[PDB]
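**Student:**
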Amino acid sequence: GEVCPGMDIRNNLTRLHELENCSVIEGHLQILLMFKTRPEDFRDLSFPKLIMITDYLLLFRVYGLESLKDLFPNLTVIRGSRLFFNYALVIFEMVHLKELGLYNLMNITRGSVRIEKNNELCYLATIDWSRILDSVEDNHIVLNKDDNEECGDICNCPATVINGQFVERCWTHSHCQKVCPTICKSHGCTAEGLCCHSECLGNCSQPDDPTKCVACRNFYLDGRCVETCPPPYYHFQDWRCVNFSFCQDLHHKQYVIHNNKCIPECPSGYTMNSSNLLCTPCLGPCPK
Amino acid sequence: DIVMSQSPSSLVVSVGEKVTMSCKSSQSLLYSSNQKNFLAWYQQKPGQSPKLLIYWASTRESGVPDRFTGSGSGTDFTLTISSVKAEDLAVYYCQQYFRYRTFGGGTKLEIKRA
Amino acid sequence: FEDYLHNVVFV
Amino acid sequence: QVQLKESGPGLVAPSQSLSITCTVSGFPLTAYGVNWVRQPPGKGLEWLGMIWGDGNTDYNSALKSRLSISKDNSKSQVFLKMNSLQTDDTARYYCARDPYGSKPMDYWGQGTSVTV
Amino acid sequence: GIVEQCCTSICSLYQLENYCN
Amino acid sequence: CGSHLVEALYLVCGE
Ligand SMILES: *[C@@H]1O[C@H](CO)[C@@H](O[C@@H]2O[C@H](CO)[C@@H](O[C@@H]3O[C@H](CO)[C@@H](O)[C@H](O[C@H]4O[C@H](CO)[C@@H](O)[C@H](O)[C@@H]4O)[C@@H]3O)[C@H](O)[C@H]2NC(C)=O)[C@H](O)[C@H]1NC(C)=O
Ligand SMILES: *[C@@H]1O[C@H](CO)[C@@H](O[C@@H]2O[C@H](CO)[C@@H](O[C@@H]3O[C@H](CO)[C@@H](O)[C@H](O)[C@@H]3O)[C@H](O)[C@H]2NC(C)=O)[C@H](O)[C@H]1NC(C)=O
Ligand SMILES: *[C@@H]1O[C@H](CO)[C@@H](O)[C@H](O)[C@H]1NC(C)=O
Ligand SMILES: *[C@@H]1O[C@H](CO)[C@@H](O)[C@H](O)[C@H]1NC(C)=O
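Protein chains in written order, with PDB author numbering: chain E, 5 to 159, 168 to 265, 276 to 310; chain D, 1 to 114; chain F, 705 to 715; chain C, 1 to 116; chain A, 1 to 21; chain B, 7 to 21.
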């Protein structure tokens with residue numbers, strides 16, 4: 005599809021069109037501070053092309069927004085290479101939000117979820133988070149309408173044992189939470205429940221095929237999901253492989279190479295040799 | 001491209017026993033970024049085209065029985081066949097896939113009878 | 705945390 | 001459905017060139033690499049070259065410009081082209097798949113006979 | 001930052017006006 | 007002053 009930069013969208017909705025053809029946002033996505041927006045500015049708006057965010061997803065004080073089901077219906081993985089505090093998902097003082105509707109979100113690699121102070125918000129206790137996040141211990145979901153024991157939640169779907177009773181699991185009235193059988197794990201499955209290929213992440217358009225993943229689990233290179241970048245390719249942004257040249261181009265006007283990774287900075291104990299971008303250990307103490 | 005060397009040129013053994021052949025490279029094959037060695041083992045049952053067996057020098061290919069067991073790290077590698085069954089007879093080769101790809105001179109396995 | 709949030713989300 | 005088969009001319013007189021077509025099916029050539037390997041009868045297996053998903057090429061330095069590897073991805077074909085052969089080039093020629101990122105050489109052709 | 005400038009410490013106008021998007 | 011800091015900042019902007 006497209007890989008675009010981590011964005012910061014505020015005030016006017018107009019800036020939001022910068023995302024229209026994007027499939028992966030390399031970095032984070034932050035949409036915030038829109039005080040004059042109304043329901044009807046969203047009833048015609050969608051980003052079905054966005055499948056993955058590499059860092060974190062963050063929504064804060066966006067008014068008139070009632071569900072995300074039409075905003076990001078097909079976001080499937082959030083990778084959490086960088087986190088906002090400890091969070092890979094932040095839903096905060098999202099006044100007007102009724103329901104989440106990320107019915108396609110299968111996995112949040114790394115981070116935790118913080119969903120707080122969202123009066124109006126239900127369909128939260130109807131989600132089994134343990135099917136999306138590794139560590140849910142540090143989940144922080146309080147002070148939503150859902151905490152008032154008074155929610156009209158309605159969904168067919170499966171029930172999990174999170175509490176002292178099984179609980180039907182769904183996102184909206186018309187979308188169940190997808191659960192893959194236990195041993196498929198993080199790889200995803202078809203509607204029947206045949207496991208997708210083991211190097212795929214959340215979903216696949218076809219079973220048993222590493223070019224037909226919906227979001228690579230390890231690294232992406234040249235169409236396929238792979239275990240690792242072979243040389244002469246370098247690990248980038250902890251999700252995709254590139255050659256020396258790509259990495260170099262970025263650096264010149276602040277990327278460097280070390281451990282076969284392309285990274286912003288040389289790690290401690292190392293200085294940057296000028297001819298080759300390669301971090302080398304220091305001759306005596308490091309001035310840095 | 002680097003230089004691979006195997007030993008022996010040929011070996012013989014009878015049914016039931018374990019077998020270990022060796023290989024060596026002119027450069028270290030352990031990939032830093034994931035801690036895996038970039039080496040392969042292939043078996044070629046004779047007259048037929050060869051079959052992939054063991055990659056990252058220890059990862060077993062699906063459809064290979066547990067009796068086949070890969071080892072070694074750095075520049076020096078070994079392949080092990082624990083408990084020989086009848087049609088285990090083949091010529092085995094080492095391949096590096098670190099930079100480009102090159103094969104070893106190979107080593108032949110034979111089986112003992114009358 | 706609300707602390708974090710502001711400290712960081714501001715031009 | 002991963003399958004490879006090589007098309008050799010079989011018989012080549014010295015000082016003339018070798019053109020082999022590896023025809024693959026079941027997978028996209030835009031997403032995997034392909035290797036060329038030969039074996040003279042009862043001798044070793046020899047790596048000749050590979051072509052990556054992106055058109056990138058690797059040749060054994062042994063081949064001093066003698067080797068050219070190119071492709072037609074829309075028609076699932078890989079072309080090896082090798083100049084001015086001698087009798088020491090008498091061998092069985094294979095292409096084999098290369099899942100570079102994840103695997104080494106999975107799936108081989110049955111191999112085609114070439115004699116000089 | 002703003003949270004230290006205008007919450008722990010109690011603020012005034014300019015302080016804020018400067019901060020406006 | 008938490009939530010109000012957000013409210014008060016808006017007062018100021020209209021922006
Ligand atoms: C969602 O999908 C993932 C598969 O991608 C799935 O499994 C988890 O995957 C991650 C990444 O491969 C594993 O995390 C690593 O495990 C080791 C174990 O000791 C850690 O030490 C690692 O830490 C390193 O990597 C960090 C981040 O990448 C670096 O910041 C740090 O410097 C370290 O170098 C690393 O975290 C993880 O093991 C599995 N998790 C489990 C529980 O198996 C995950 O389960 C899927 N989630 C759900 C809900 O399905
Ligand atoms: C190193 O890596 C980069 C990034 O992967 C390579 O970029 C690739 O090369 C070409 C040249 O920029 C890209 O576009 C081409 O553009 C013209 C448009 O005028 C078009 O006619 C071509 O068909 C082609 O699309 C190409 O898309 C791009 N590939 C990728 C995966 O990003 C770069 O070339 C690499 N360098 C080497 C030496 O391999
Ligand atoms: C999306 O692609 C079309 C191609 O015609 C183009 O018109 C449009 O500007 C693109 N938008 C973005 C944000 O890249
Ligand atoms: C996964 O991809 C398939 C094929 O495009 C599609 O039918 C399905 O809606 C997607 N999402 C889920 C959650 O299965």
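Built from N, CA and C at the ideal position, the CB exists for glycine as well.
1) With H, G and I counted as helix, E and B as strand and the rest as coil, what does DSSP make of E:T184?
2) Considering only their Cβ atoms, is the gap separating E:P222 from E:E211 smaller than 8 Å?
3) So which residues put a beta carbon under 6 Å from any heavy atom of ligand 4, going in chain order?
4) Run through chain C and tell me which residues come within less than 7 Å of E:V7, C-beta to C-beta.
5) Could you tell me whether the stretch 62-71 of chain C touches the stretch 280-287 of chain E, where touching means 3 or more Cβ pairs closer than 8 Å?
6) Are C:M105 and C:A91 touching if we call contact CB-CB under 8 Å?
7) For the beta strand (DSSP E) that contains D:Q95, what are its first and last residues?
8) What's the C-alpha gap between C:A13 and C:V116?
9) Does any C-beta atom of chain F lie closer than 8 Å to the C-beta of A:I2?
10) In its own chain, which residues sit with a C-beta less than 8 Å from the C-beta of D:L89, not counting the 5 before and 5 after it?
11) Mapping DSSP to helix, strand and coil, what is A:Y14?
12) Could you give the residue range of the alpha helix (DSSP H) that holds F:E706?
13) When you get a sec, list the residues whose CB is within less than 7 Å of any heavy atom of ligand 2, chain order please.
14) Going by the CB atoms, is the gap between C:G111 and C:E6 shorter than 8 Å?
15) Can you tell me whether D:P50 is buried or exposed? The criterion is at least 16 other CB atoms within 10 Å of its CB, across all chains shown.
16) Could you tell me which of E:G235, E:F231, E:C196 and E:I145 sits nearest to E:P219, measuring between CA atoms?
17) Decide yes or no for the touch test of the stretch 36-43 of chain D against the stretch 72-84 of chain D: beta carbon pairs closer than 8 Å, at least 3 of them.
18) With 8 Å as the threshold, decide whether the Cβ of A:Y14 is near any Cβ in chain F.
19) Just verifying my parser: in three-state terms, what is the DSSP assignment at A:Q5?
20) Got a sec, what are the start and stop residues for the alpha helix (DSSP H) B:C19 sits in?
21) Between E:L72 and E:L106, is the Cβ-Cβ spacing less than 8 Å?
22) Using the beta-carbon count (16 or more within 10 Å), is A:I10 buried or exposed?
23) How would you list, in chain order, the residues of chain C whose beta-carbon sits under 7 Å from the beta-carbon of residue 123 of chain D?
24) Hey, does D:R60 have any beta-carbon neighbour from chain E nearer than 8 Å?
25) If the criterion is Cβ atoms closer than 8 Å, does the pair E:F76 and E:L54 meet it?
26) Taking 8 Å as the CB-CB cut-off, is E:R65 touching chain B?
27) Could you check whether the Cβ of E:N143 sits closer than 7 Å to any heavy atom belonging to ligand 5?
28) Sort C:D98, C:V78, C:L63 and C:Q77 by Cα distance to C:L85 and report the nearest one.
29) Beta-carbon of E:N281 versus every beta-carbon of chain D: anything under 8 Å?
30) Taking Cβ-Cβ distances below 7 Å as the criterion, which residues of the stretch 17-28 of chain C are in contact with chain E?
31) Report all residues from its chain with a CB closer than 8 Å to the CB of E:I145; omit the five preceding and five following residues, and keep chain order.
32) Nearer than 7 Å: is that true of the beta carbon of E:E22 relative to any heavy atom of ligand 3?
33) Give a yes or no on whether the C-beta atoms belonging to A:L13 and B:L15 are separated by under 8 Å.
34) Only counting the same chain, and skipping five residues up and downstream in sequence, which positions put a Cβ closer than 7 Å to that of E:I112?
35) Relative to the C-alpha of C:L4, which residue among C:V78, C:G53, C:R38 and C:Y59 is closest?
36) Shorter than 8 Å from the beta carbon of E:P243 to some beta carbon of chain C?
**Tutor:** According to the data block:
1) It is a strand residue.
2) It is a contact, given that the beta carbons lie within the stated cut-off.
3) Spelled out in chain order, the answer is E:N108, E:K190, E:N215, E:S217 and E:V226.
4) Counting only Cβ-Cβ distances below 7 Å, E:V7 has no contacts in chain C at all, with the closest Cβ about 16 Å away.
5) Result no; under three Cβ-Cβ pairs closer than 8 Å.
6) Not in contact: C:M105 and C:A91 (Cβ atoms no closer than 8 Å).
7) Residues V91 to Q96.
8) Cα-Cα distance, rounded: 6 Å.
9) Residue contact with chain F for A:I2: present (Cβ-Cβ distance below 8 Å to some residue of chain F).
10) Correct list, in chain order: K45, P46, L109, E110 and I111.
11) Looking at A:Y14 - three-state DSSP - the assignment turns out to be helix.
12) Where F:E706 is concerned, the enclosing alpha helix (DSSP H) stretches over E706 to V712.
13) In chain order, the hits are E:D234, E:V254, E:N255, E:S257, E:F258, C:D54 and C:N56.
14) C:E6 is a Cβ neighbour of C:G111, given a cutoff of 8 Å.
15) Classified as buried, D:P50 has 16 or more neighbouring CB atoms from the shown chains inside 10 Å of its CB.
16) The shortest Cα separation from E:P219 among E:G235, E:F231, E:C196 and E:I145 belongs to E:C196.
17) As far as the Cβ criterion goes, the stretch 36-43 of chain D touches the stretch 72-84 of chain D, which means the pair count is three or higher.
18) For A:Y14, the nearest beta carbon of chain F is not closer than 8 Å to its own beta carbon.
19) For A:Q5, the secondary structure class from DSSP, reduced to helix, strand or coil, is helix.
20) Bounds of the alpha helix (DSSP H) holding B:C19 are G8 to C19.
21) Closer than 8 Å, so yes.
22) A:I10 should be labelled exposed.
23) Chain D is shown from 1 up to 114; residue 123 of chain D falls before or after that span and cannot be answered.
24) The C-beta of D:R60 comes no closer than 8 Å to any C-beta of chain E.
25) At the C-beta level, E:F76 and E:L54 come within 8 Å of one another.
26) By the rule that beta-carbons nearer than 8 Å mark a contact, E:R65 touches chain B.
27) Ligands displayed in this structure: ligand 1, ligand 2, ligand 3 and ligand 4; ligand 5 is not among them.
28) Closest option to C:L85, Cα to Cα, is C:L63.
29) Under the Cβ distance rule, E:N281 counts among the residues neighbouring chain D, one pair being separated by less than 8 Å.
30) Those residues of the stretch 17-28 of chain C that come within reach of chain E (Cβ to Cβ, closer than 7 Å) are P28.
31) Excluding sequence neighbours, E:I145 sits near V117, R118, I119, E120 and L128.
32) E:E22 Cβ: within cutoff of ligand 3.
33) For A:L13 and B:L15, no; Cβs fall outside 8 Å.
34) Closer than 7 Å at Cβ, skipping near neighbours: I82, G84, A92, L93, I136 and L137.
35) Of the candidates C:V78, C:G53, C:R38 and C:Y59, C:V78 places its Cα closest to the Cα of C:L4.
36) It does not; no Cβ of chain C falls within 8 Å.
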